[PDB]
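Next up: a single chain in structure tokens, the form deposited in one PDB entry.
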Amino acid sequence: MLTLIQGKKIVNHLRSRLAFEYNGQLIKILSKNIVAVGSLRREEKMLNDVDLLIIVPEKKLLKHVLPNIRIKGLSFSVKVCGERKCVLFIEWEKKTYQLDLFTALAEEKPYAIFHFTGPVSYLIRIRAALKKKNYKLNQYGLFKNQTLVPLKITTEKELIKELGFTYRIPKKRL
């Protein structure tokens, strides 16, 4: 049970302590590919769990990075690991901290993290304003009507700005 402040420090250390195993060598993940989700992204007071979104560049790497991801400096434990989502408990500073790692393609990296935090009430309202124009968004990109229509989205803000929706601060996502 760590606070938003403690986890903020946590992500800082994690930012330089997360890498994948490809070709026998440890490939570190650029700090530019790290986004916060859930309450941690909504500057919430306390957070029960810390959901981190990893950006997988290559296609195969998506199912390569998650399964071959080692941690240096911190103690981790894998309990429920899959392909796109992995559950592992890591202990740091002689204490245990819950850390859930989930990967998303470069296309859903901005969209998924944004639609990660939500919550449901915030997500449902989001679609309402977009529905007026016939646009949808979620770990995949911007959809038109009911089919994935390719939209240009870079970084993260582009996903919302592109839809022409009123951009709101992460803390204002309720």
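So that there is no doubt, residue numbering starts at 1 and follows the sequence shown.
Beyond the structure shown, there is the form solved in complex with a small molecule, which is absent from this document and is the topic of what follows.
Triple contact flag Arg17, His64 and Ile69 to the small molecule in the entry with it bound, non-hydrogen atom at 4.5 angstroms: No, none of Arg17, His64 and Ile69 comes within 4.5 Å of the small molecule in the entry with it bound.
Heavy atoms within 4.5 Å of the small molecule in the entry with it bound: which stretch in 55-63, 24-32, 143-151, 122-130 meets that? Only one stretch qualifies here: 122-130.
Can you tell me whether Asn134 touches the small molecule? I mean in the entry with it bound, with a 4.5 angstroms heavy atom cut-off. No, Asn134 is distant from the partner.
Look up in the entry with it bound whether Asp49 has a non-hydrogen atom within 4.5 angstroms of the small molecule, and give yes or no. Looking in the entry with it bound, residue contacts with the small molecule include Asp49, since a heavy atom lies within 4.5 Å.
I'd like to check something about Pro110: if you look in the entry with it bound, is any of its heavy atoms closer than or equal to 4.5 Å to a heavy atom of the small molecule? No, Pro110 stays farther than 4.5 Å from the small molecule in the entry with it bound.
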